[PDB]
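Trainee: Before we start, here is the structure in question, set down as structure tokens.
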Amino acid sequence: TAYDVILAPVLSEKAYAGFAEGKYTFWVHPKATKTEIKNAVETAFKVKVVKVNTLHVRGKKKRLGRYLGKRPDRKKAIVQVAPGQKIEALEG
RNA sequence: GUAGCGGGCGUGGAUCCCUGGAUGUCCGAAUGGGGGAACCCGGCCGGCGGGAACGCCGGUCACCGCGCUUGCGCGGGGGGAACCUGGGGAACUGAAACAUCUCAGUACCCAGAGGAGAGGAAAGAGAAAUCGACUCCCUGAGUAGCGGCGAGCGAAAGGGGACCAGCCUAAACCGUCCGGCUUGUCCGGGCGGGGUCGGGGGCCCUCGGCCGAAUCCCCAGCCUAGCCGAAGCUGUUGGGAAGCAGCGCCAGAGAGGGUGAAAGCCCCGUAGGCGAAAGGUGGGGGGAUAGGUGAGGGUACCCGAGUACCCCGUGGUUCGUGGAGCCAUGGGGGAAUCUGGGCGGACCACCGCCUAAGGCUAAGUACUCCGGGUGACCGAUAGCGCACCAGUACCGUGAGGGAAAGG
RNA sequence: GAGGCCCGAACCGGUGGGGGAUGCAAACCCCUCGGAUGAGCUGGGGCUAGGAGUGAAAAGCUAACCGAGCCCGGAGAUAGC
RNA sequence: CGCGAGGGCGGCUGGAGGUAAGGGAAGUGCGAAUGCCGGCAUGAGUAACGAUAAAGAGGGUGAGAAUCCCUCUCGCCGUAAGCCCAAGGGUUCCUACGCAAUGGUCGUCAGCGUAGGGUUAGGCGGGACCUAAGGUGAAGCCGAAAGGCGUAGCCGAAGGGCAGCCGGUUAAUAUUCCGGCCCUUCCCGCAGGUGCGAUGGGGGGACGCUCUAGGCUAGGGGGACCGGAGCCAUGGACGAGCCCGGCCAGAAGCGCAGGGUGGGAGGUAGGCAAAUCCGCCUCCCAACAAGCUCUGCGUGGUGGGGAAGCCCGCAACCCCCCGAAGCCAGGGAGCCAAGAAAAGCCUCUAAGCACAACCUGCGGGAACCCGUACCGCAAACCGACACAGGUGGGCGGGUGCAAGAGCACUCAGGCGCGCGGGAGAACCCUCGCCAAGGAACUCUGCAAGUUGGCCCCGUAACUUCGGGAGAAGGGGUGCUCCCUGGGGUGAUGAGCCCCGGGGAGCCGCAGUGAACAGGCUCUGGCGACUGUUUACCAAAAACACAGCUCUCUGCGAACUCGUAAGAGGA
């Protein structure tokens, strides 16, 4: 119950654009989302996170019913000045 | 739930089916506190990240009722289709108006009980040299009665059946521990022993002989998966044989469904017969604890109190004020302990019945959320509101209303 | 520089007329009108209920028909029509 | 073949059930119940297509367009028909594909269909802060059960309280991301200082309406001045022309406006005796201040932004004037109806502790949860609809008119209302005009007209004396030129605005030349008056109203609600 926080890297133009500097966001855990997911990502990608931000989401979809995904909380960790590493050049 | 990629696992016995276990976010009796259910915020102990601020992680903290010196240990709370008991408790209607009466102690509301609930071992019944807890059914009986004697309401005993079961206490009397007091060989609180009645029990002397749980146990048996199960070929028309035609065969199995059309013998089955490591259940038959086991003779110590009883006000019963008891009981008065007290329809007197004011008690009875089996039951405008992704869509602030649609 | 003062926007209202009448609308539009520092208007948060509430009082209002709301139930009320 | 209800036969269709004689059972026979459910008709190619703000054309794309994109014209809003915020709504946001249906037409389009994106906060708004009404509710009171009151406590906001301004970024977010400048809390270490220390005491927080002063700022108007690519048209103008732009934020420190506040020194029956803190008494000084505090505004190191202009892309920033409803703010004056609470915040001592703890500094650190798309006077909310209706707050430019949020035109910005095309009848709606006459109309001058603003004359009865008063009834208003009186800021002189006054003279039918914009009088009834009322036929002479009278009520009041407790009265 220590990694079940970071879920998947997010992938959108906006997502990648981030790489430039302040890292990108990964879909985190709805709750326990605690912006304190810093000593969470830095224990997985081994780095210094200097700032965190968070959001929410998921829409509907049709046919016979509705309601999509969840309402995933999610958002970018800034990472120290320069250490920005791994997964960067990966996928673009 | 198939359709698809994309990957994989199985006789090294998968998937599946039964049994037990594990994990089980958050809200909900909801129980750390809050709150606009599913969210927000905290105490205390411990552990994570460099961790002091921050943040996660695991425990743990509601309140109420009973029993031990302060902490504790047992319990409660909410839900459930009906069925059940109690506490409250209508009107429409009927009376061809309406007020008594009726509907009706019904509808509903509330509390509570549980696989049932209730009731239950006589202060009974009622005329029988009588009967012998209670409940249920059939009668008795639309009788007896009740009733603006209208409308209408309506027993009980007795007789058939189902079931079958009986039991503890309070008080005399003895012992013991404790805290109060007028430090009196006394008062009452708690345990133990005794004692449970149509007549008995206590206490003194005289004579001493066993049945049996409603509670604990064990196995059977029965649920909760399964396994075995007989007997048919050829030809022929047909899109398709189970039809038709010719020879058979099984049968404790000729119930049923299914297979391209109408099959006992093709498939699943059916008759019949086997199966449980595990968990439920389980006197039906048996083991063991609990507990219970006699007869006379004497005092004249006990036998359930604001009770009986009488009176005023009411309720229940067939009983509506009636000649109106009995059973309940709000108010007032207020006893006795077997030379006691209640009842047998005012009241007396006879004659007889029964032992009030403490409690428990199986079964036979009721119901159908749930599982199975049948139907001179429906077959999609029917049958449940739903055969289908329905208490949905849609409607309504809300309570609530509530479809259509199968091949 | 006073005022239940005056004219007049906003804002509140609803006088008269026309139109509308299977409407733009289950009360509307146009012109014209009343009030407009007050017994004013208005947002937000609260409280009062069915023989009851509220009512500067019309039996008015209480979720588009109120001389007794709506829903479910008694219920297949009763109907000499 | 049966009298008939029906019963057989035959032919096409259909493709899997059916059911004799003779009998038995019923949910057993439909044309009507304004029956119920479904389907389909008639009216009918008829009415309508939802505001009379308005359209046209050229290019594009495309199977196909009046209806989609682009361009140029025209028109309509402009206290909006424009921007920003709440609520509510929940992806309607942006992008790529699409048109069956949904759009009252069309559809290449969309708020529609499929898919993928998008919402980033210590300082914004909420919560780990405060209380209001009122809820809830340990105790406690009361009720047949449900349950009713209710102390403390808790909950409860648009009210109190608390630290971010200016730019830049994306298709879609931004006070959230980025830059610049500026802050707030917690924690730790260090240095230097003090009696430290509450849920308890005190102060404070802290308040009405109307009217107002002085300074500011927002906002807006000028310029002969600053810098500008440029343009001379159509008769003239090479002009001190025309045209565009002439700011924003910003610490400490400076200035300018304010708001707060007496300083002492002793006593003390109070603040549930604990305070050297309040509160009260006493007396040296002091006083329409100073000082000390605390705001706002300028200024500020500095950063930011920066048009019109052709090809397809150039770099100032000053000077006056008007000027708030906003700010300094808890300012002032006046009045009667006499105008929240609590916390944060100061201060005072208690327990306890002083090796704690606080206070100021400086450095390092730490800083969670929720909201953030988009619509938002509307086609995204409430009205069954893409409904001419309903919906709280802020901003809301310019000129002109006495003023203004009015009226007319117009900036920015946004719209031309999701059917069109022709005709050019009756009739209907809405609108303009009319000879002569002027209420003859009609229930009625209903309706429509006339009048309309401002300045100056001038105005009766009656009166409660305020008022009848805009009584009535008149005259003036435009434009040019001349002289002249005071004002505000400058500075006392100049521009700049602000109110006047006096003479001439010009033109038209007409000078508030358009739009906003009273017709009046005499006399009765009723009701004093402003008010209120039947949401959706009655706005009144009805209700109310100050005011008068009768009457109940001595306080555990009477009276009302409730079974009661209890509450209202108060």
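Trainee: Of all the residues that make up the stretch A:9-32, how many are under 16 Å from A:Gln85 (Cα atoms), without any contact (Cβ under 8 Å) to a residue 40 or more places away in the chain and in a loop (DSSP other than H, G, I, E, B)?
Mentor: Selection size over the stretch A:9-32: 1.
Trainee: Turning to a different aspect of this structure: Filter the stretch A:20-49 down to residues that are acidic (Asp, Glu) and near RNA strand D (Cβ under 10 Å from one of its atoms), then give me how many there are.
Mentor: Final tally of qualifying residues: 2.
Trainee: Only residues that are outside any loop (DSSP other than H, G, I, E, B), out of contact with any helix residue (DSSP H, G or I) (no Cβ under 9 Å at 6 or more places or on another chain) and surrounded by 12 or more Cβ atoms within 10 Å (Cβ to Cβ): list them for the stretch A:33-92, please.
Mentor: A:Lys38, A:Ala40, A:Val41, A:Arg74
Trainee: I'd like to check something: does the stretch A:1-19 contain any residue that is aliphatic (A, V, I, L, M), surrounded by fewer than 10 Cβ atoms within 10 Å (Cβ to Cβ) and away from RNA strand D (no atom under 11 Å from the Cβ)?
Mentor: Yes - at least one qualifying residue is present in the stretch A:1-19.
Throughout, read-outs are computed from the coordinates displayed, never taken from laboratory work. Using ideal geometry, Cβ is built from the backbone for each residue, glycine included, and neighbour counts are taken over all protein chains shown.
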